[PDB]
Each structure stands twice: as C-alpha cells, then as structure tokens.
Amino acid sequence: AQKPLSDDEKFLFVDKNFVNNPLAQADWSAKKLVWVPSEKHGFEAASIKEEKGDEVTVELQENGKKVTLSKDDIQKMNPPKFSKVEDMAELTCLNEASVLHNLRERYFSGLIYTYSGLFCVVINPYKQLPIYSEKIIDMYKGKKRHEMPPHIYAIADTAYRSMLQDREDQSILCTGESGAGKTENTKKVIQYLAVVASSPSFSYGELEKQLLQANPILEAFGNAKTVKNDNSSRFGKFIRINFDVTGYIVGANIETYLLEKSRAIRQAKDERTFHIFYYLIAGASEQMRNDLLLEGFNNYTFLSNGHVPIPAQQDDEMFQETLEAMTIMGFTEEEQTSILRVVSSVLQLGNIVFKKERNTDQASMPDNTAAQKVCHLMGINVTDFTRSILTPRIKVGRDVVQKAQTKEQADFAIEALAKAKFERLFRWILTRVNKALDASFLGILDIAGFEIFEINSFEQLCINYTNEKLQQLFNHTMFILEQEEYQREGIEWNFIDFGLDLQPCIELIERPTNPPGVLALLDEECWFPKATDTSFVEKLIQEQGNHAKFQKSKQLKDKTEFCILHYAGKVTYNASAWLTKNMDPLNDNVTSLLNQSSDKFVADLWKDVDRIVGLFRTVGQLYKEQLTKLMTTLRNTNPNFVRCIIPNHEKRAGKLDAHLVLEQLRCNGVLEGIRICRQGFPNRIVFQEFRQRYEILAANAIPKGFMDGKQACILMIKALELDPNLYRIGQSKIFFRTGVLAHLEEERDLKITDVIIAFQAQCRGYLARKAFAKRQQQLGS
Amino acid sequence: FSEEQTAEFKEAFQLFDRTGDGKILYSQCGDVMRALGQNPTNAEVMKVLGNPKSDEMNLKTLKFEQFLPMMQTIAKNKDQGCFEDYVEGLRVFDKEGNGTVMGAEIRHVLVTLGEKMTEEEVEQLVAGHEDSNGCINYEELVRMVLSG
Ligand SMILES: Nc1ncnc2c1ncn2[C@@H]1O[C@H](COP(=O)(O)OP(=O)(O)O)[C@@H](O)[C@H]1O
Ligand code: BEF
Ligand SMILES: [Mg+2]
C-alpha cells in the first residue's frame, strides 16, 4: 500500500506492495511445516506426517522425500509474514535455521545489512551495490532507527547522536574473520561522518578532505594481497574522531597495531608484499626509477611468486592515486620521494646474498654491485656498512669483542634489517599523518581477522589472539555485564548463562603469573642460551598439557607444532623461529652507522636507536601491554558492533555458503545476542530524566509537590497504562523493553510539532528580515 | 493597510527583484512578506499561492499590485505562538532542567520536526547563543527572534 521503489531502492528497502495472496496464507493450515537437516542446504522446510513420540516422521516439501527424524531434529518455522524482516529480533520463532533463512533471502536479494538485536549482521556481497552515495548519506541524516532501513550509514548516525545525547564517547567495532568486510564498513562509517558532522562529489571541510586520505595511505604499505584477501588489512587499526561541544569534527587519530612486516622478506604462495612495492616498481618513472635504483619485477628475490596481479586494480594508476593521497595531506614533493627511495633500497637489500667461505666460514661479498647500490640509498658509507654487516665490531661493553658471522647469520641480519627499516618507516608515516588529521570522540576499530593457513607463524597467533579478545568483549558486554545491572538495580530479573566465554583460551596464552601462557613461556625461555624453537614447545606442555583449549600436535612430521581450540576454530602453529623473533635480534653495527647517515630522512628514521639489540621488553608483552591499553578505553566507551560475515571461500559473489555462514553466526554469539535483546530489558533510564521528558504526555499525573523521582515516575507510567511487562522498575532507573521508549519518544514529539512549526515560522521571519537588512546595506555603500 | 504604509509597502516589494519586471518570483514571496514584518507560516503562503509546484515556483511572477491582496489576507489570521507555549516545548528538551538546552538538541529538533529549517537556518539562527559548554538558553533564544 506504499510508494514504488526503483531497481536501486530495491537494494535498501523491500518489495511489500503485492497481492494479499491467499496461497501462502492458505497453506498456513499445514502449520506442521517445520525445518530440518540438510547436507547441501543445511536446512529446509518439511511437514510432520506422523509424530511417533521422541521421533517424528516427516517429508521435505521439496523433493517430496520422506526423511523422518527425532522429535528434536526439527525446527519451528516462522510465519511467511516475516519473509526477509528488517530486525530479526522481531521473528516470533528464533532458530539457528530461522535466522539463516532471513539472511539467505535479503542477501540473495541485494540487502546485506540486517539487524540482530542491539548489534547488526552484515554478510559480504562481494558485489558493487549502489547503496553508498551522497544521496543515501542524506536519506539517513537525522533519520531514526526505524525511520529507515538497516545500513552502515544507519549505525554511524545512531552512534553519533547517541554520543551527543547522553554525552558518552562511543565505539563501533566490526567483528568477523579475515575477508568478511571489516574495513569497508569502517570506511563507510568515516565517509558518512565526514559529511554528516562537517562544518559522491562534495565540498567537505579541509581536514575532512585529508581525514579522507588517511586510510588510502596506510592501506598502501600496510595492506597486501593474501590467499583470502586481494587487499588485506595487514595490521590493526583504531581511528578516533574528536567532536566539539557542537558535534563537529576537529581531530582524528589512528593507533596502528601489528604491522606484519615479517612478510616483507618472503611472502607466501600466491601472495604479495605491501602493495606500495609494486605501485612504485610500476608507477615510478624512467627518470625517478633511475633516481632510486629500482629494476624489474622478477629481478628482486624479495618478491616471491615473482609478480602477482590484483584483479580490477592497476598498480600503475594505483601508484598515482596513492601519490595524490599523500599530497592532499602534507607530504611535500620531496617528503614523498624521500620515502620512495627507501622502498627501492629495501628491495635491493634483498639481492645481497653471501657466499659462505669454505675456508673460514665467513660470508663473502664477491660482487659488491648489490651493496653499493643500497648504500647510496641509505646515505651511509659503503666500506663501513659492508664491514659492519660482515664483520661486526661488536661492543659487549665489558669488552670490544669483534666477531664475524657465517653467511647465514650474515643474511639473517640484513634480512632483519631491511624488514625493520620498513616498519621503521610505516610508523613514520602513521605519525606524519596523525599529525594533520589532529570533549567527545567516536572510535572505529579495524583490527585483523581470524586467519588460519597451513603454516601458522607467530604473527598469526597474536592476530587470532586479538580476535578472541574482542570476541570475549562482546559476550561480556552483551550477556555478562548487562545482567549485572539487572542484579544491581534489583529489578525482578534472573540470570541466564549463554555459554559464551573464552577467558580460558585467552589465559592459555595470556596469564603470565600463575599458570604461564603460550607467550609467557616463550618470553623468558627465549632469553636462554640453549633455547630453541623446539625446547620451547615442550615447556608449553610441561605445564599446559592439561588444558582443554590446548592440544598436542597430531603430526610431528619432522618439526614441532601445536594447535589451540579457539572460539573460531583450531590452528596448528609451528613454533619454529618463534623465540627467534620475540626478541627482535639485529645487527646494531650498521644500525648506528645509519643513525649517523647522510640521508637525514633515514637518519631521522633511526635517529632514536637506543633500544636496538647488540647483545629490554619482549614483543609479546610489549603487545599485550598496548593491546591492554585498547580494551581499557573500549570498556570506557560505548560498543557498537558491526558483525561482518563472510559469505563463501570461493571469493565469488552471488554464492552464499550454508553452514559456513551458519557457524559464523554461532561462533559470533548471534542467536544468544538476540535472546538477551528480547529476553531482558535492553533499555534503562534514570527517573529524573524519564519524568523530565515524558511528562507532557502525562500532565495530570504528578501532584504539584516535589516528590520521589520513583513514585513520580510510577504515576506517569501508570497514567499511560504501560503494561507491567514491557518495563521493569528499579532503585533509580527504569528498564523498559525494546521500542517501548521509541513510542513514548514519538508521542512526545507529536505533542509539540505544531509549536515547533509555529516557532519555526517565527524563526524564519527573523532570519528573512535579518538577511535582507544586510543586503540592503551593501547597495547603499 | 494605510496609504502611507502601503506606499512604503511597494518600495519594499520592488526592492525584491534583480532585473526589474516589478514581479516577485513565486518562491521569492515569503521573505518579501516577512520583510514587511510578517511571520506567515510556510503553509499559509502556499495556501494563498494556490499551492504551486517547486518547478513553477522558480518561474512564476507576482506584481506588487498582485501581491497586495495576499499581504493583507495573510496579515489577518487568528493565532500566533508566544513565550507561554513556544518555549514550553523548548523546555521539554531540557537535559535535566538546566533551563537551557544544547546546540544540537535545538538544531536537531528545529530540523526534524514539522517545517524543517535548513542546517543553515538553525546554525546561523542560534549561532552565538551557545556558550563554552555550548548551551543556548531558550527562555532567551525565542525572545531574540520574537521581540527581535
Ligand atoms: N560492502 C561491500 N561492498 C563491496 N565489496 C565488499 C563489501 N564488503 C566486503 N567487500 C569485498 O570483499 C573484500 C574483503 O572485504 P574487507 O573489508 O577487506 O574484509 P575484512 O576487513 O573483514 O578482512 C573487499 O576487498 C571487497 O572486495
Ligand atoms: F582480511 Be581482513 F582485513 F580481516
Ligand atoms: Mg580489514
């Protein structure tokens, strides 16, 4: 009975204007139509032909196949009155199957952003839907929750006004595993706020113009193609936008985490290094290319898999794009080129291979061509660097033991030099940028997703580690925490255990004191002389061998590994060379040779080198020491989850994996989330304010005297004959049911519109007569 | 309207036109009326305009002589808001009875309820009433527009 919506709006809204067909409604009689198992569909409808007690005979309404099962293998179907509902909390029948369906529909129908209780589901489309634009941005501005359909721009506005309203900083955190969307959703949130709070093509402020070129830079050298992300966010990200007392943007900051540079030296099978490498090798000019010593793509041994092409992307133009981004910011002409040369130099260090002398076992530099070409990029001395990296003029302090390393340790040192001379740079930029994009503040957490391959290095451990941490946070703030306020206030509540806690699987890798954790152990065990990748592993079992979330490697093919029972699954990490990096070993000989290099830029890069290794804190704790900072401020803000869900592992759109999608929902505590939302009173309000607002809706309630905010509020609620089951009364605050407040809000708004219209007109008059008075003055001048 | 004031009325009217056809654009009527010290709602004007369309509004004409009947008619109505009730509604937004609302609470309202005033209207309207904490006392804002 409503408006008509184009093919495009057929991606935001739904198609309801249809015939009151009695077909789907007639069949209602066979209410015996339920859900049931499947190997290819996961679920499917079927009707009970005979309930044989604990086991009922059924036949799927698809292949007329008579597949019978237990009276506990079926599943309650929801009326066709819900097909593709906006807020799944509305479904009268909540099932592992029901929700799967809904998501099935809207996804395959162009709608991804769904709503699940307080949080929101967001299956990956993998397509280019026309639902993001200057237009849609408008359509949602000021638009309430229900006054429009579920969309990323929707959450952005909801969060933003919530902050401005209850004066309480906020946070939007996108969950989900690697490849599901996390990023894009964050970008949309920022894109929206950039214009919806400023002061396609549009004229934003000046910082918003740059605040826009923030991520297109960190994605360059920081993001890279993996076997589950053509452009994977290869590190953690936390953007914090700072609003004024008038909800306007004024500053923005990003806290970069775990820059997996460890791939800069040797990228895996069918993968690439940090995009920027190729953008330069191809985006550079014959001249500039000759100005930094950059050769071909299959020429550098630093580029494994030779050269990999990224679909729908031309690093050739991509370079120009990324270059343009820098400029918008403040990266001067030179300020950019300076960084560029560094990249080519780092790539070069890769060609520096040693010939382990048979005679003395000391590496050799036959053809110095390599080194010669790298020094001129560093600004350091040839001969000097050559000898330093070669013959370390060590300084054990208590002496001056000059030694020499094999070709190996000679290589292992130049490798951990280039690989860290880059990260020395990543953080250079991030703080170069964060300088320009900088009471209230909104937080956008773009962490990394639960990845699990065939070789689970250390990096991949803290990566998934962080995931589990955020996952715990969700469960906590959701089921745990909330319930607490019910108990505290005293409201007639009761606890319900949602079976969602990963504290254990965390301690197994967290707690240092008391039983030590996988990282705790590695930590010191690495400070030891006769310490090895191996030795470590055994220590781990020597104490944790009795942990559920812990499990003894099945295959010890030749090396040593172990797997953990994460929330997202199990992963067989290979402890090899773990302690080897937990300490960050490195030839400080050349290090201080750089510290005093002619290349100011590279000089400024390593200018503060009083932490290098020549023999403080372990990577592990250095991390959990900052990844602890995070969760400290988060718990101090208001969480806003954007549960991005990957659709399929084929990297193909239009395809939606059944179970995969189904399990993600389970290992994301979706269903349980919706349970609390509709089970409890996900809303509360201190008396004072409640009565302060919703009184105009209840004038003749409270006497004239100043009485108890409790009894006063009680009288109000009683007047509107509120059903004693939507709300729950407490000490000093009310726990209303969902939307039970939206109604009050709308009713109150209605009871003032006119007055607002009347005054609005008065304000217009003032405005009209005022502007016209100023123009009149110009003419006379 | 009086002859002396009616004459001045004409002046103010013709002062509202770029070129000189002596015609007040159909859209360019509201401000003309208001300028004459009238606070007609964004409805009345439309009602008296036969309810033209935005398209025709930008390409319609109105001679001062043609405008005259409309002016008086509009000038003569029945009700007009005031402090008593005006603010009354403004009070309802009071954080906790601060006798003063914020710059957003106000801005948002005045641009999401009824005859929504553009971001500008709201911003430049109160622009200067919001203090350090950015609060705008209504029991004084309304007055600035009314008595003003
Ligand atoms: N809303 C979306 N619209 C279009 N493509 C999307 C969307 N969400 C995800 N994708 C696609 O899937 C890829 C992976 O998404 P991404 O945001 O990088 O995942 P995550 O950060 O969760 O690992 C993207 O590069 C893009 O191709
Ligand atoms: F690969 Be995604 F950024 F988790
Ligand atoms: Mg990402």
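The values are calculated or read from the model by the stated rules, or taken from the named source; no laboratory instrument gave them. Positions of Cβ are generated from backbone atoms using ideal geometry, with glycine treated the same way; all protein chains shown enter the neighbour counts.
Can you tell me which residues in region A:525-550 are more than 20 Å from A:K469 (Cα to Cα) and in contact with a strand residue (DSSP E or B) (Cβ under 8 Å, 6 or more places away or on another chain)? Answer for region A:525-550, where residues must be more than 20 Å from A:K469 (Cα to Cα) and in contact with a strand residue (DSSP E or B) (Cβ under 8 Å, 6 or more places away or on another chain): A:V537, A:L540, A:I541, A:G545. Here A:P703, A:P639 are screened, and the one residue that is more than 30 Å from A:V227 (Cα to Cα) and in contact with a strand residue (DSSP E or B) (Cβ under 6 Å, 6 or more places away or on another chain) is A:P639. May I ask you to list the residues in region A:132-168 that are more than 25 Å from A:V670 (Cα to Cα) and not in a helix (DSSP H, G or I)? Across region A:132-168, the qualifying residues are A:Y132, A:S133, A:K141, A:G142, A:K143, A:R167, A:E168.
Test B:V109 against the stated conditions and say whether it is at the interface with chain A (Cβ under 7 Å from one of its Cβ atoms) and aliphatic (A, V, I, L, M). Spelling it out, B:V109 is indeed at the interface with chain A (Cβ under 7 Å from one of its Cβ atoms) and aliphatic (A, V, I, L, M). Residues considered: A:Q711, A:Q777, A:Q760. Of these, the only one that is outside the structural domain of A:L470 (by CATH), of a type in the set (S, T, N, Q), more than 30 Å from B:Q28 (Cβ to Cβ) and part of a helix (DSSP H, G or I) is A:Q711.
I'd like the residue in region A:1-58 that is part of a helix (DSSP H, G or I) and within 26 Å of A:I74 (Cβ to Cβ) and, out of all such residues, is nearest to the chain's Cα centre (by Cα). Checking each candidate, the answer is A:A24.
Each residue in region B:131-148 was checked for being more than 9 Å from chain A (Cβ to nearest Cβ) and of a type in the set (S, T, Y), and 2 of them qualify. Exactly one residue among A:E177, A:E208 is within 13 Å of ligand 1 (Cβ to nearest atom), buried (at least 21 other Cβ atoms within 10 Å of the Cβ) and in the same structural domain as A:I152 (by CATH), and that residue is A:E177.
Every listed requirement among (1) within 12 Å of another protein chain (Cβ to nearest Cβ); (2) over 22 Å from A:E482 (Cβ atoms); (3) touching an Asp or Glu at 6+ places or on another chain (Cβ under 9 Å) is met by A:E689 save one, (2).
Results for (1) facing chain A (nearest Cβ under 8 Å); (2) part of a helix (DSSP H, G or I), shown as yes or no for each residue.
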position: B:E96; (1), (2): yes, no
position: B:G99; (1), (2): no, no
position: B:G114; (1), (2): yes, no
position: B:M117; (1), (2): yes, no
position: B:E121; (1), (2): yes, yes
position: B:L125; (1), (2): yes, yes
position: B:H129; (1), (2): no, no
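Residues in region A:160-175: is at least one hydroxyl-bearing (S, T, Y), away from ligand 3 (no atom under 11 Å from the Cβ) and within 14 Å of chain B (Cβ to nearest Cβ)? Yes, some residue in region A:160-175 is hydroxyl-bearing (S, T, Y), away from ligand 3 (no atom under 11 Å from the Cβ) and within 14 Å of chain B (Cβ to nearest Cβ). Total residues in region B:1-27 satisfying the condition of being more than 11 Å from every other protein chain (Cβ to nearest Cβ) and either of a type in the set (K, R) or part of a loop (DSSP other than H, G, I, E, B) (or both): the figure is 14.
Looking at region A:423-466, which of the residues that are hydroxyl-bearing (S, T, Y) and under 20 Å from A:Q621 (Cβ atoms) is farthest from ligand 2 (Cβ to nearest atom)? Applying the filter and picking the extreme gives A:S457. For region A:414-451, a residue qualifies if it is more than 16 Å from ligand 1 (Cβ to nearest atom) and of a type in the set (V, I, T), and the qualifying residues are A:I414, A:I429, A:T431, A:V433.
Just one of (1) closer than 17 Å to B:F93 by Cβ; (2) surrounded by 14 or more Cβ atoms within 10 Å (Cβ to Cβ); (3) more than 8 Å from chain B (Cβ to nearest Cβ) fails for A:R748. It is (3). Residues in region A:113-128 include none that are more than 15 Å from ligand 1 (Cβ to nearest atom), surrounded by 18 or more Cβ atoms within 10 Å (Cβ to Cβ) and part of a helix (DSSP H, G or I).
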